[PDB]
Number of protein chains: 2
Amino acid sequence: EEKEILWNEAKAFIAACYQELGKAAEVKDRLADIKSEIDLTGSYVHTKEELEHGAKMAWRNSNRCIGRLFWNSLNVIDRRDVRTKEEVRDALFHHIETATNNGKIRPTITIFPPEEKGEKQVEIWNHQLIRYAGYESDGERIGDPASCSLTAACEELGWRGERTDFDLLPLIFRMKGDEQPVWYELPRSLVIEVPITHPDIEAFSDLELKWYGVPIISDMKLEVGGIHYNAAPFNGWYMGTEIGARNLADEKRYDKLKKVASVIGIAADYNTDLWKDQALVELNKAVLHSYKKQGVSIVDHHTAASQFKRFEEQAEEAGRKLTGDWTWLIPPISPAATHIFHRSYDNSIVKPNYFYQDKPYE
Amino acid sequence: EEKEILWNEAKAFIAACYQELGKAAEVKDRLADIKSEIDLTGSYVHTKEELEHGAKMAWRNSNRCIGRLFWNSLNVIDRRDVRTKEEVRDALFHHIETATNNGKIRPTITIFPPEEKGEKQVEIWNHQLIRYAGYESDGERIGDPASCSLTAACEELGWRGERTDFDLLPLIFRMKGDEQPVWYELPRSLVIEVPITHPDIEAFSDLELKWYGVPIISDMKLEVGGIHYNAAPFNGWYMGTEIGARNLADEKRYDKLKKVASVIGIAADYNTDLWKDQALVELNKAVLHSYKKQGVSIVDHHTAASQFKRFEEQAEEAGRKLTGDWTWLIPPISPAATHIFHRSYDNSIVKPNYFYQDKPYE
Ligand code: HEM
Ligand code: HEM
Ligand SMILES: N=C(Nc1cccc(COC[C@@H]2C[C@H](OCc3cccc(NC(=N)c4cccs4)c3)CN2)c1)c1cccs1
Ligand SMILES: N=C(Nc1cccc(COC[C@@H]2C[C@H](OCc3cccc(NC(=N)c4cccs4)c3)CN2)c1)c1cccs1
Ligand SMILES: C[C@H](O)[C@H](O)[C@H]1CNc2nc(N)[nH]c(=O)c2N1
Ligand SMILES: C[C@H](O)[C@H](O)[C@H]1CNc2nc(N)[nH]c(=O)c2N1
Ligand SMILES: [Cl-]
Ligand SMILES: [Cl-]
């Protein structure tokens, strides 16, 4: 079954991919080569063109992603050649620097060797390459609560955080053949961060909030024609609400709304005052203003939705079915002000795609 | 099949209902009576206790309703005795007055005779008993665009609106046996309306916005143990966002956000300014403030969600499965600030329940 699952996926992927690249005539021979290779080796190797286009199709099929208009401009870095942890580390450093691009963020994915027989060659522990640590002890909470378990795992391995609210977690990954992951401190010169200020409320800086410029998801498996790239970190730029309405606002994250209410000079006493809503809007305004002021790429939820509308129109024009997850596409600030809220989406899963996988710790 | 569908529903309803009312011992005899009656007459008649509890269970099972905590306090008016249009009209007038209760709104349902063989005894045309007319002609738009088709149907029948933006539609319904519905102008003394002002922005009154106090849904079918009450208008009080974030804000409704932006003194030029979001919050603040100031019942979305949490806890304690429609339960303003956004709901349909039915015009 396992080898048969592989061939079926390979057949479906190669037809669709070559069809899109105008290479339909080459499908027959390529499929022949692939079948022999699966018979001989138990797997097959993608061409660079297949791998690149596979990564792009996977983004295009990501139901939960509002940013999909730009799927075809994904920058694909092929690192299937990596064999050592120094090579992994340096490829990750390189991804951070080239994706960041001095603030003009380039959507990028770095693809490491795929799983062999469900056996990982490189097992990444970080949820994102750049992420803040989190600590909870004796009632005391510091940093990002969502990082508590990885943070504890890093410290078990000899790392120590400074216990500010914004400690950068080190990169941490394990190589096939090692019992323990290794970790490396992020060079601060690689990491752009944005202090959060407000366009007209001077006191807002008293909160001393910041966030990192580039979100680089490093814990998802990219699947392309039956090949499982468990290690394939990718980035885009942020939609403002991810930071203002969730990372900084959620009670189980940085939980800043009451503090926001205070500095913008409103009472946080009555539900009917909609103080949480007002705080959310001002904090979200501050986040967009701060990123733009620093020349770091970001998109507001209105502009992102307008772009997504164009993505929908583009799918229809190309004769491709559109899939989407309504519950994730709607922004968490004023969702009914976007077209998304007022229509429905087929949440069917199409491959290539990005998938969750179990974490290697806990 | 039709008669068999009826008996199966009746059996399931009577068991559950009597079980809830501690009347389990009486199920056997009641079921016997019902079966004879279905055999003799092709239907059966609910007792007042069944009818009342059925209407309450139906509210409790309404997946899309955030207000369900108070299901058991529904005030049920039994008007199965109605035979004339004067009786219908007067029952509807009475419902408006007793539900409104000088502003201390009482959740109420008035239940008219049920369908016989899919044949309606009373066919209500209004979507709500109190609702504003809408007009579109020669590019000119007046009133509520969502009322355009019923408004045109009323005017075909000799009604004429004044063409303000807030014309009250007349009650309009048809009796079994008549080819044409009748219509009656709402007595203005029955209708509470709330002018929309803002707690600290004096200029907000320049917009001259208002809304009616009591939403009375008059176009849904109540189904209880296989009996179809197509005409059974019900009301609660408003959640503020229904008015501030949708009725007054949607582009295809009153579309007031740009005008709101102007009176609150902000530019409506840049998506990144989140002017729509800020306008939404201030308009929603104004709506809550205005209702409270006038002593008309209303709930904000934070308080409603907290109540809904208690409803969830209550279902669990009672050993009842909870059903819900996540996409409707989340409020359209700051949904991620409520617990609802962060969990999921089983959207299974349980009866008794309220259902859509085709409109009798167009
Ligand atoms: C170019 C700018 C992009 C923007 C503004 C954007 C925006 C978003 C947002 C707001 C989410 C929801 C995340 C959350 O609520 O936590 C999301 C989800 C997602 N995006 Fe994008 N995205 C972009 C680029 C990309 C790229 C380059 C990829 C991969 C090649 C990608 C794949 C995904 C996936 C897989 C998810 C779902 C993650 C999950 O299920 O947990 N996106 N995107
Ligand atoms: C007591 C105060 C109540 C509040 C605050 C409340 C709140 C709400 C809200 C906000 C909605 C969504 C409506 C929309 O977006 O257009 C809703 C839907 C609904 N409510 Fe309630 N509700 C209340 C009482 C009731 C009562 C008394 C009933 C019937 C006995 C009821 C049955 C429903 C139904 C059937 C829907 C769904 C309508 C549809 O599918 O279109 N609710 N409720
Ligand atoms: N357990 C792990 N990670 C982990 C640890 C703690 C918490 C979480 C929560 O993650 C699950 C969901 C997944 C989701 O993650 C954040 C996310 C996902 C996708 C896009 C974006 N935002 C962007 N603008 C972009 C980023 C990249 C391109 S665009 C953010 C929220 N939350 C995961 C694993 C490590 C290794 C394997 S699994
Ligand atoms: N076509 C008809 N009506 C009609 C006409 C124009 C537009 C619409 C749109 O209606 C569909 C959905 C249905 C939904 O209606 C508004 C609504 C439904 C339920 C609760 C509330 N809000 C409340 N707080 C409460 C009211 C009562 C108790 S709590 C509001 C929105 N929109 C219907 C019909 C007339 C007769 C039979 S069908
Ligand atoms: C339970 C619910 O499905 C869950 O909280 C989802 C809702 N929609 C979301 N949408 C986005 N974009 N991001 C999220 O983390 C979530 N959380
Ligand atoms: C298409 C989408 O399902 C639709 O616009 C829904 C979304 N959720 C909603 N939720 C509520 N409460 N009311 C609505 O009218 C809608 N509209
Ligand atoms: Cl994030
Ligand atoms: Cl309404």
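Only this structure's heavy atoms are used, side chains among them; waters, hydrogens and symmetry mates stay out. We name chains A, B, ... by the order of the sequence lines, and we start the count at 1 in each one.
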Go through it in stages, so that I can follow the logic: the residues are A:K56 and A:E20, the test is salt bridge (charged side-chain N to carboxylate O under 4.0 Å, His left out), and I'd like the CA-CA distance, side-chain angles, deciding distance and then a yes or no. CA-CA 12 Å; A:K56 291 175 174 181; A:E20 288 181 27; over 6 Å; no
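- Between the side chains of B:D277 and A:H301, at least one donor-acceptor pair of N or O atoms lies under 3.5 Å.
- When side chains are defined from C-beta on, B:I330 counts as touching A:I330, because their heavy atoms get closer than 4.5 Å.
- When A:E123, A:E119, A:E179 are each tested for a salt bridge (charged side-chain N to carboxylate O under 4.0 Å, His left out) with A:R174, only one passes: A:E123.
- Side chain of A:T98 to backbone of A:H94: no donor-acceptor contact under 3.5 angstrom is found.
- In terms of heavy atoms, A:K285 sits closest to A:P199 at O-CD, 4.4 Å.
- With a 6.0 Å radius and a threshold of 12 heavy atoms from other residues, nucleotides or ligands, B:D358 has its CG atom at or below the threshold.
- The neighbour count for A:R343 CZ, taken as heavy atoms of other residues, nucleotides or ligands under 6.0 Å away, is above 12.
- B:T338 contributes a side-chain N or O that, together with a main-chain N or O of B:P335, makes up a donor-acceptor pair within less than 3.5 Å.
- The two residues A:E185 and A:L168 have their closest heavy-atom pair at OE2-O, 3.8 Å.
- Annotation: A:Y44 is in aromatic contact with A:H46 [ring centroid separation under 6.0 Å].
- A donor-acceptor contact shorter than 3.5 Å is absent between the side chain of A:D29 and the backbone of A:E26.
- By the 4.5 Å heavy-atom criterion applied to side chains, A:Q314 and A:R320 are counted as neighbours.
- In terms of modelled atom types and a separation under 3.5 Å, the side chain of A:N230 and the main chain of A:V122 share a donor-acceptor contact.
- Of all heavy-atom pairs between B:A249 and B:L280, the closest is CB-CD2, 3.6 Å.
- Note on A:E2 versus A:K117: no salt bridge recorded, every NZ/NE/NH1/NH2 to OD/OE distance being 4.0 Å or above.
- In this structure, the side chain of A:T110 does not engage the main chain of A:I77 through any donor-acceptor pair within 3.5 Å.
- Checked against the 6.0 Å centroid threshold, A:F13 and A:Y18 do not count as a close aromatic pair.
- Side-chain rings of A:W211 and A:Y132 approach one another, their centers coming within less than 6.0 Å.
- Between A:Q121 and A:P114, the closest side-chain pair of non-hydrogen atoms is not below 4.5 Å.
- Closest heavy-atom contact between A:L6 and A:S43: CD2-CA, 3.7 Å.
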Full working for side chain to side chain contact (heavy atoms under 4.5 Å, CB included) between A:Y254 and A:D144: CA-CA 6 Å; A:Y254 281 80; A:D144 192 337; 3.6 Å; yes
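- Using a 4.5 Å heavy-atom cutoff, the side chains of A:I340 and A:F308 are in contact.
- Comment: A:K85 engages A:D178 in a salt bridge, judged by a side-chain N to carboxylate O separation of less than 4.0 angstrom.
- Using a distance-only test at 3.5 Å, with no hydrogens or angles considered, no donor-acceptor pair links the side chain of B:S62 to the main chain of B:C65.
- For A:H53 (side chain) and A:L21 (main-chain N/O), no donor-acceptor pair under 3.5 Å exists by modelled atom type.
- Between A:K48 and A:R80, the closest side-chain pair of non-hydrogen atoms falls below 4.5 Å.
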Starting from the C-alpha separation in whole Å, work towards a yes-or-no answer on salt bridge (charged side-chain N to carboxylate O under 4.0 Å, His left out) for B:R246 and B:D250. CA-CA 5 Å; B:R246 308 293 318 278; B:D250 282 2; 2.8 Å; yes
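- The shortest distance between side-chain heavy atoms of B:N347 and B:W326 does not fall below 4.5 Å.
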Could you walk me through whether A:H289 and B:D273 pass the side chain to side chain donor-acceptor pair (under 3.5 Å) test, one step at a time? CA-CA 8 Å; A:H289 165 72; B:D273 286 337; over 6 Å; no
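- Heavy atoms of other residues, nucleotides or ligands lying less than 6.0 angstrom from CD of A:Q357 number more than 12.
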Chi angles and distances behind the salt bridge (charged side-chain N to carboxylate O under 4.0 Å, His left out) call for A:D219, A:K359: CA-CA 8 Å; A:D219 63 358; A:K359 57 186 180 170; over 6 Å; no
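- Side-chain contact check for A:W237 versus A:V214: every heavy-atom pair is 4.5 Å or farther apart.
- For the pair A:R89 and A:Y184, the cation sits on the ring face: its NZ or CZ lies under 6.0 Å from the ring centre, inside 45° of the axis.
- Counting only heavy atoms from C-beta outward, the side chains of A:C17 and A:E49 never approach each other to under 4.5 Å.
- For the residue pair A:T303/A:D300, the side-chain donor-acceptor check at 3.5 Å is satisfied.
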Stepwise side chain to side chain donor-acceptor pair (under 3.5 Å) test for A:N75 and A:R106: CA-CA 7 Å; A:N75 169 42; A:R106 292 184 280 230; over 6 Å; no
Stepwise side chain to side chain donor-acceptor pair (under 3.5 Å) test for A:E312 and A:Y345: CA-CA 10 Å; A:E312 306 173 18; A:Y345 298 88; 2.6 Å; yes
Show your reasoning for whether salt bridge (charged side-chain N to carboxylate O under 4.0 Å, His left out) applies to A:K276 and A:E251. CA-CA 12 Å; A:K276 281 186 179 179; A:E251 292 186 356; 3.8 Å; yes
Criterion side chain to side chain donor-acceptor pair (under 3.5 Å) on A:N126 and A:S218, from CA distance to verdict: CA-CA 6 Å; A:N126 306 83; A:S218 54; 5.1 Å; no
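- Looking only at distances, a side-chain donor or acceptor of A:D325 sits under 3.5 Å from a matching main-chain atom of A:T327.
- At distances below 3.5 Å, not a single donor-acceptor pair connects side-chain atoms of A:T41 with backbone N or O atoms of A:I38.
- Counting non-hydrogen atoms of other residues, nucleotides and ligands closer than 6.0 Å to CD of A:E37 gives a total above 12.
- Listed for the B:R141 side chain is no donor-acceptor partner under 3.5 Å among the backbone atoms of B:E136.
- Between B:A305 and B:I66, the closest heavy-atom pair is N-CD1, 3.9 Å.
- Under the 6.0 Å cut-off for aromatic ring centres, B:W275 and B:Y270 do not qualify, their centroids lying 6.0 Å or more apart.
- Residues A:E87 and A:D81 come closest through the heavy atom pair OE1-O, 4.3 Å.
- The closest side-chain donor-acceptor pair between A:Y354 and A:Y229, if any, does not fall under 3.5 angstrom.
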